[PDB]
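Undergrad:
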Amino acid sequence: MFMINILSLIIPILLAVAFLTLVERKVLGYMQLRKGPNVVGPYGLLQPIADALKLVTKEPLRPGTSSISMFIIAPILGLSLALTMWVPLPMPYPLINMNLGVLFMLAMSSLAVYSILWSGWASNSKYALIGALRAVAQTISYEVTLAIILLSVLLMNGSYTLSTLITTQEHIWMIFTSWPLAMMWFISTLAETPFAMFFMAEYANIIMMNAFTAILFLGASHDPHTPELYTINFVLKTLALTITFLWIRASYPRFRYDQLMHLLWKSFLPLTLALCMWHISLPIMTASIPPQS
Amino acid sequence: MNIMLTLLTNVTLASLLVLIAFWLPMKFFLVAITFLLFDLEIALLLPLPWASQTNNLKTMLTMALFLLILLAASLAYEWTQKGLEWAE
Amino acid sequence: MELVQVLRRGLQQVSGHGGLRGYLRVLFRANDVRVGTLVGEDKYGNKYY
Amino acid sequence: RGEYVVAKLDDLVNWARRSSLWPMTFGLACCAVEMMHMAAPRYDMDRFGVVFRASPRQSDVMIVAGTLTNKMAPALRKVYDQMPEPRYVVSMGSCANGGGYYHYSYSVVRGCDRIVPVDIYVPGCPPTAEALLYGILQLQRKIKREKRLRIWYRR
Amino acid sequence: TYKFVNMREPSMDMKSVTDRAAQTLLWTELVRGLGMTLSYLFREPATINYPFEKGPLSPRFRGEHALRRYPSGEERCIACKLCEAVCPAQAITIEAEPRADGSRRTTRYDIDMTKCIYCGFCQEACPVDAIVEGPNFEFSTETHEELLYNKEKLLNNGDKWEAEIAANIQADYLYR
Amino acid sequence: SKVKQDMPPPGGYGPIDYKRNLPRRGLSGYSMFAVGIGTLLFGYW
Ligand SMILES: CCCCCCCCCCCCCCCCCC(=O)OC[C@H](COP(=O)([O-])OCC[N+](C)(C)C)OC(=O)CCCCCCCCCCCCCCCCC
Ligand code: SF4
Ligand code: SF4
Ligand code: SF4
Numbered sequence: 001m002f003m004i005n006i007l008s009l010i011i012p013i014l015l016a017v018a019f020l021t022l023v024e025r026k027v028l029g030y031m032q033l034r035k036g037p038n039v040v041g042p043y044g045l046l047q048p049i050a051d052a053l054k055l056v057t058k059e060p061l062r063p064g065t066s067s068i069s070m071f072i073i074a075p076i077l078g079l080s081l082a083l084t085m086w087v088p089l090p091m092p093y094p095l096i097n098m099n100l101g102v103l104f105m106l107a108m109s110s111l112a113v114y115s116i117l118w119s120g121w122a123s124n125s126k127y128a129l130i131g132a133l134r135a136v137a138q139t140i141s142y143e144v145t146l147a148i149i150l151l152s153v154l155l156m157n158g159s160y161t162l163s164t165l166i167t168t169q170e171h172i173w174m175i176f177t178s179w180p181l182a183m184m185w186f187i188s189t190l191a192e193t219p220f221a222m223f224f225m226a227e228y229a230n231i232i233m234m235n236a237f238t239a240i241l242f243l244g245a246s247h248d249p250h251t252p253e254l255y256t257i258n259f260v261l262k263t264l265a266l267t268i269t270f271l272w273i274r275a276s277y278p279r280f281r282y283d284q285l286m287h288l289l290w291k292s293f294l295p296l297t298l299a300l301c302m303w304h305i306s307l308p309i310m311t312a313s314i315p316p317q318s
Numbered sequence: 001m002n003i004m005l006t007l008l009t010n011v012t013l014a015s016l017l018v019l020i021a022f023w024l025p053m054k055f056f057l058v059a060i061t062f063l064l065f066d067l068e069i070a071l072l073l074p075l076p077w078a079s080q081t082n083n084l085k086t087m088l089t090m091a092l093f094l095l096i097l098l099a100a101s102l103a104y105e106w107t108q109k110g111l112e113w114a115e
Numbered sequence: 001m002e003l004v005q006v007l008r009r010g011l012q013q014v015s016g017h018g019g020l021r022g023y024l025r026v027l028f029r030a031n032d033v034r035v036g037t038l039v040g041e042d043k044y045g046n047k048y049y
Numbered sequence: 104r105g106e107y108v109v110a111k112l113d114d115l116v117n118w119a120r121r122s123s124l125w126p127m128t129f130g131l132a133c134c135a136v137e138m139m140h141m142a143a144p145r146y147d148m149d150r151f152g153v154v155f156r157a158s159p160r161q162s163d164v165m166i167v168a169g170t171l172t173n174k175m176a177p178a179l180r181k182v183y184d185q186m187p188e189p190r191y192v193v194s195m196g197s198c199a200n201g202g203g204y205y206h207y208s209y210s211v212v213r214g215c216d217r218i219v220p221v222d223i224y225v226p227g228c229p230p231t232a233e234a235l236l237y238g239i240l241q242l243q244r245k246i247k248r249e250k251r252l253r254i255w256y257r258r
Numbered sequence: 064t065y066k067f068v069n070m071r072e073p074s075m076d077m078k079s080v081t082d083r084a085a086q087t088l089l090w091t092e093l094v095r096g097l098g099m100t101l102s103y104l105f106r107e108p109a110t111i112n113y114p115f116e117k118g119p120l121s122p123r124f125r126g127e128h129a130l131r132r133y134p135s136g137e138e139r140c141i142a143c144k145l146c147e148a149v150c151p152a153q154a155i156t157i158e159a160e161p162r163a164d165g166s167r168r169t170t171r172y173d174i175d176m177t178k179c180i181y182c183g184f185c186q187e188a189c190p191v192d193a194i195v196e197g198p199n200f201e202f203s204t205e206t207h208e209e210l211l212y213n214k215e216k217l218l219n220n221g222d223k224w225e226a227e228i229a230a231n232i233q234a235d236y237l238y239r
Numbered sequence: 004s005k006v007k008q009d010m011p012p013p014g015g016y017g018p019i020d021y022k023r024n025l026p027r028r029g030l031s032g033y034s035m036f037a038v039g040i041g042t043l044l045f046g047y048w
C-alpha cells in the first residue's frame, strides 16, 4: 500500500497548494479593508475550483521563438521538484527517513533555479532573459546563507537526519538557542522563492519552506503512541508561519536588486559566518556535543 | 526500489498535469563566480556535525575555525577591493 | 463572555433567515447573511432590508 | 442523452469563466484611475475575484478605459492579438466607447470599436464605479449564456 | 511661514545610537509595520455588496438622460434648441416641426450617449426642465447602436424614471 | 422666511488635529539586547 501513501501526500499537498491561495487573497484582502473572494461559493470556498478548471480550458499560447522541448520540461522539473521535497519531512513519521535528509532537501531545492533559468531562455524575450538572470542570481546568491544557517543550526542537533530534529527540540523550541539565526533563516527563505504550473511549483515551496522552518526551529513533542499530537502541532505551526509569510507580502515595498545583493553579501553573509562560528564552538564550549546515533 | 518509485510517480503526475494542460484546449557574472567559490567552500565545512564527535576535537576546533576565518577573509578582501560591491 | 454573546448572536441570526434552508438560501444567493428590519415591499418580490 | 451531457459540461466550464476573469487594464485617462477606485475597499472588485493588474498574458478581459488616440492605436491592437482566447474587451467611458468629448479631434480614433471588437459597452464620463462593475456583471451574465460546447455537438 | 521636513540630526549619545543599532540589527520599525496592518486585519471591511446595496448618491446626480412631460402628459420640450448649442460634445441633434395641433414641438431628439460627457449643462440650459439626467447608471449594452439614443427612447425613460426625476428635481429646484 | 444656507454652527466647529501623531512606543535599546542574550543564554543552558 506504500503507493497509496504517496497519493495520500501528493494530492492533498496539491490541494493544499491549491487552497491556501484563497487564504492569501482573503488575508491580503481583509488586511486592506477588503473582503477577498466571498461571492463564489460560501466565503470563496469554491474560488479555487473557479480558477483552476478555467485555466486548463484556456489555450496555452506558445511564443513563436520558443524552444518547445525546454518550454515543457522546465515545468516538468518545477512540479517534480515542488512535490518531491515533501517526501522526507519528519511529519509524524516521514515517508522517507533518509539519514541525509537535510542535504537531500538542499540539493533538490537548489535545483529549482534550473526551471526559472530555462523558462527565461526558452521564452527568448528581452524581458524573460533579464528576469531569468535577475531571478537566478538572487536565488544562487542565497543558498550560501541558507546552507550556513542550516549547517550551524544542526551542530546542536546531532546530524542531518530530519527525524532527529524532534528529539533535539523536545524540551524547548530550538529558536530560543538560535533566534538570531531564525530571523537570519526566515528572511532568506522569502527571497529564494506552463504558467499554470508555475503557480504550483513555487507555491508548494512556500508552504514547505515554512514546514521546513516549523520542524527546524519550533518543534513539538511526538508521543510514541498517539501521533495526532504532532500532526496538529506541526500544522498549526506551519500555518502561523505561512500567515506571517503573507503578512509581510503586503507590508513592505519590494526589495531592489542592488540592495538585494548588498543586503546579503554585506549585512547577512558576514553575520551568518559569526553565528556559525558561535554555534560550532558552543557545543564544544559547554561539552554539549550531541549524539549522531 | 522505494526512492525512484516516489520520484517516478511525482514526475508522472507532473507529466499528466502538463500534458492535459497543453493538449485539452560583467557584474552579474562576477558575483556568480564568487558564489561558486563560496559554495565550494560551503561543501568543505559541511561534514562538521560528524566531525564534532572526533577524539582529536582540539585540532578540529582550530581547523574548523580556520575555514570560517579564511572564508570570511575572502569576503573581506572581495569587499574592500571594490569587487563584491555591485559592479556596473 | 463576549465570545458567548457573539456566538449567541450568530444563532438567532440563523433563525432570522427562517430555518436552515433560508440561511443557506441567502448565503448562496447573496453571500450576505446579516438580517435587517423589514421596511417595505414592492410589487415584484424585491424584499428589502 | 449526449445533449444533456454537453449542456452540463457547458455549465461547468463557463461558471469558472464567469467567476475567474483577469482584467488587463489599459490605464489611459480619468476613466482608468476611476477603475482603481473600484478596486478600492469601498467596492471590492476583487471579491468576485479578478486581479487589478493581471499582467498581459495572465488576463482575460481587457478594459479599454480612456481616450484611445492613434498614438496608442497599434500598441493596443498588438496587445489584443497577444491576449489569449477566450478574450473580451469592455470599452469604458464615452471616449473609449465612441470618442466622447474628443470625437471630432484630429488625433483620436472615434471609438475603441474601430480597432477591436467589444463585448460590453459601459457608458460614463467617467462611469461610476458600480456602473462599470455592473457592466462587469453584465459581461458575467453574457458568459452564462453561451453555447460553445452545445454548438460543437450541434455541428 | 515655512516648515522644514528633513533637518533633524541623530544625537550621538549612547542612548540614541543604542536605539539606532537596536532599530536595524533586530528590526523594529519593520515589525511596527507588521503591527499596523495586523490591527487593520482585525477591523471591519468597508466593502458593500453589489447590487444588494450600493454607495450613497446625491439628488444632484447626473446619469442616464430622460425627457419629461407635464402633469397633463404633454411633453416639456419646445425645441428651443438651447441644449444642442451648449452641449459641449455636440451629442444633441434635434429637428423641429410645426406639429399639426399647433404646439409645434420637436420631431427628432437624438442623444449620442457615447459622445455625451454627463456634464449637466443640458438640464440647466433647458428653460422648461425637459431634458434631465436620471439617477440610473446601470444602462450598459453590448451594441454601439443601443447607446445612440433617440426621441422615442428618451421619452420611454421619462415614462420609466419618473418618481426619481420628480423627487430629485423637487429636492433641488431651490438649490439651482 | 429668513436666509438658510449651509452655515457652520455658531461656535464654528470642533478642533481638528493635523500634526503627526506617530506613537512613541517600545522599550529601550539596551532592553531589547538584554532580553535577547537572556533568552539565548537560557537557550544553550
Ligand atoms: C551571547 C549572544 C550570542 C549571539 C549574539 C548575536 C548578535 C546579537 C543580535 C544581532 C541582531 C539579530 C540577529 C540578526 C538579525 C539580522 C541582522 C541584520 O543584518 O539586520 C539588518 C538588515 C539590513 O538592514 P539595513 O540594510 O537597513 O542596514 C544594514 C547595515 N548597513 C547599512 C551597513 C548595510 O535588516 C534587514 O535586512 C531588514 C529586513 C529584510 C527582510 C524584510 C522582511 C522582514 C520581516 C521581519 C518580521 C518577521 C521576522 C521573522 C523572524 C523569524 C521568525 C521565525
Ligand atoms: S469618457 Fe470622460 S472620463 Fe472617460 S476618458 Fe473620456 S473624457 Fe475622461
Ligand atoms: S450632459 Fe451630455 S447631453 Fe447634456 S449638454 Fe452635456 S454632453 Fe450634451
Ligand atoms: S430639451 Fe429643453 S433645451 Fe433642449 S430643445 Fe427641448 S426645451 Fe429646448
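Residue numbers (the UniProt record's numbering), protein chains in the order written: chain A, 1 to 193, 219 to 318; chain B, 1 to 25, 53 to 115; chain C, 1 to 49; chain D, 104 to 258; chain E, 64 to 239; chain F, 4 to 48.
Using N, Cα and C, we set each Cβ at its ideal position, and we do this for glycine too.
Any C-beta of chain D sitting closer than 7 Å to the C-beta of E/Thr91?
TA: So, not an interface residue.
Undergrad: Is E/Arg171 helix, strand or coil when you go by DSSP?
TA: If DSSP states are grouped into helix, strand and coil, E/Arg171 belongs with the strands.
Undergrad: Rounded to whole angstroms, how far is the Cβ of D/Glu188 from the Cβ of A/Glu59, which I believe are closer than 8 Å?
TA: Going by Cβ atoms, the distance from D/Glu188 to A/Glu59 rounds to 6 Å, so yes, they are a contact pair.
Undergrad: Could one say the Cβ of B/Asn83 lies closer than 7 Å to chain A's Cβ atoms, at least one of them?
TA: B/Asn83 does not count as touching chain A.
Undergrad: Would you call the stretch 197-206 of chain E and the stretch 217-237 of chain E in contact, with 3 or more CB pairs under 8 Å?
TA: Contact holds: three or more Cβ-Cβ distances are below 8 Å.
Undergrad: Ligand 3 and E/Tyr181: does the residue's C-beta get closer than 6 Å to at least one heavy atom of that ligand?
TA: Result yes, Cβ under 6 Å from ligand 3.
Undergrad: So that I know if they touch, is there some Cβ in chain A lying closer than 7 Å to that of B/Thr6?
TA: Closer than 7 Å to some Cβ of chain A, the Cβ of B/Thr6 qualifies, so yes.
Undergrad: Among residues of its own chain, excluding the 5 on either side of B/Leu64, which ones have a beta-carbon nearer than 8 Å to its beta-carbon?
TA: These residues qualify, in order along the chain: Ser101.
Undergrad: Mind listing, in chain order, the continuous beta strand (DSSP E) runs of no fewer than 3 residues lying wholly within the stretch 92-153 of chain E?
TA: Entirely contained in the stretch 92-153 of chain E, the beta strand (DSSP E) runs reaching 3 residues are, in chain order, 128-130.
Undergrad: For the stretch 30-46 of chain A against the stretch 176-189 of chain A, do three or more pairs of beta-carbon atoms, one drawn from each stretch, fall closer than 8 Å, so that the two count as touching?
TA: No contact exists between the stretch 30-46 of chain A and the stretch 176-189 of chain A.
Undergrad: Leaving out five residues on either side along the sequence, give the residues of the same chain with a beta carbon under 8 Å from the beta carbon of E/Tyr238.
TA: These residues qualify, in order along the chain: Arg123.
Undergrad: For residue 76 of chain F, is the classification buried or exposed, using 16 other Cβ atoms within 10 angstroms of its Cβ as the cut-off for buried?
TA: This structure cannot settle anything about residue 76 of chain F, because the visible part of chain F is limited to 4 through 48.
Undergrad: Taking 6 Å as the cut-off, is the beta-carbon of D/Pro229 closer than that to any non-hydrogen atom of ligand 2?
TA: Yes - ligand 2 has a heavy atom lying nearer than 6 Å to the Cβ of D/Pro229.
Undergrad: Of the choices E/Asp164, E/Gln186, E/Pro161, whose alpha-carbon is the least far from that of E/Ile155?
TA: For E/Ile155, the nearest C-alpha among the options comes from E/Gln186.
Undergrad: According to a CB-to-CB cut-off of less than 9 Å, which residues of the stretch 16-47 of chain F neighbour chain A?
TA: Within the stretch 16-47 of chain F, the residues whose Cβ lies closer than 9 Å to some Cβ of chain A are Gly39, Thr42, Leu43, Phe45, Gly46, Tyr47, listed in chain order.
Undergrad: Please indicate yes or no: does the CB of E/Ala148 lie closer than 6 Å to some heavy atom of ligand 3?
TA: Because no heavy atom of ligand 3 lies under 6 Å away, the Cβ of E/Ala148 does not count as near it: no.
Undergrad: Where does the unbroken alpha helix (DSSP H) through A/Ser115 begin, and where does it stop?
TA: 113-123 is the extent of the alpha helix (DSSP H) around A/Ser115.
Undergrad: Using the beta-carbon of each residue, which ones in chain E are nearer than 8 Å to A/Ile116?
TA: Chain E residues near A/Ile116: none, gap ~27 Å exceeds 8 Å.
Undergrad: Based on the DSSP output, what are the partners of E/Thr204 in its beta bridges?
TA: Note: E/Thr204 sits in a beta bridge opposite D/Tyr224.
Undergrad: Indicate whether at least one CB of chain F lies closer than 7 Å to the CB of E/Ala163.
TA: False, the Cβ-Cβ gap to chain F never drops below 7 Å.
Undergrad: Keeping to the same chain, check which residues put their C-beta closer than 6 Å to that of E/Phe202; ignore five residues upstream and five downstream.
TA: Excluding residues within five positions, the ones whose Cβ falls inside 6 Å are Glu127.
Undergrad: Under 7 Å between C-beta atoms, does C/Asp32 make it to chain E?
TA: Yes, its Cβ sits closer than 7 Å to a Cβ of chain E.
Undergrad: Tell me which same chain residues have a C-beta within less than 8 Å of the C-beta of C/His17, skipping the five on either side of it?
TA: The answer, listed in chain order, is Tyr23, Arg25, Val26, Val33, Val35.
Undergrad: Take the Cβ of D/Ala178 as the centre, count every other Cβ of all protein chains shown within 10 Å, and call the residue buried at 16 or more, exposed below.
TA: Classification of D/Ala178: exposed, given that the 10 Å Cβ count is below 16.
Undergrad: Taking the alpha carbon of A/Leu165 as the point to measure from, which residue in A/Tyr277, A/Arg274, A/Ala239, A/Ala122 has its own alpha carbon closest?
TA: With distances taken between Cα atoms, A/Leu165 lies closest to A/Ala239.
Undergrad: Taking beta-carbon pairs under 7 Å, can you tell me which members of the stretch 23-45 of chain A lie near chain C?
TA: So the list reads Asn38, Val39, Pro42, given in the order they occur along the chain.
Undergrad: Is the stretch 4-18 of chain B touching the stretch 63-82 of chain A, taking contact as three or more C-beta pairs under 8 Å?
TA: With the cut-off at 8 Å, the stretch 4-18 of chain B and the stretch 63-82 of chain A touch.
Undergrad: Using 6 Å as the cut-off, classify the Cβ of A/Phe176 as near or not near the heavy atoms of ligand 1, replying yes or no.
TA: No, since every heavy atom of ligand 1 falls outside the 6 Å radius drawn around the Cβ of A/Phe176.
Undergrad: For E/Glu201, return the contacting residues in chain D, with the cut-off set at a CB-CB distance below 7 Å.
TA: Chain D residues near E/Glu201: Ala234, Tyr237.
Undergrad: Between the stretch 156-174 of chain D and chain A, which residues of the former have CB atoms less than 9 Å from a CB of the latter, in chain order?
TA: Under the 9 Å Cβ criterion, the stretch 156-174 of chain D contributes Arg160, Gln161, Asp163.
Undergrad: Near E/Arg162, what residues of its chain come up, given a Cβ to Cβ distance below 6 Å and the 5 sequence neighbours on each side ignored?
TA: So the list reads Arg168, once near-sequence residues are dropped.
Undergrad: Please list, in chain order, the chain A residues whose beta carbon lies closer than 9 Å to that of E/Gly96.
TA: The contacting residues are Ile273, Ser276, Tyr277.
Undergrad: Along chain A, which residues have their Cβ under 7 Å away from the Cβ of C/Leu27?
TA: Those within 7 Å of C/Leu27 in chain A are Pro42.
Undergrad: Touching or not, the stretch 241-249 of chain A and the stretch 155-171 of chain A, by the rule of three or more beta carbon pairs under 8 Å?
TA: Contact between the stretch 241-249 of chain A and the stretch 155-171 of chain A is present, because at least three Cβ pairs lie under 8 Å.
Undergrad: Can you tell me whether DSSP reads C/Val35 as helix, strand or coil?
TA: Correct three-state label for C/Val35: coil.
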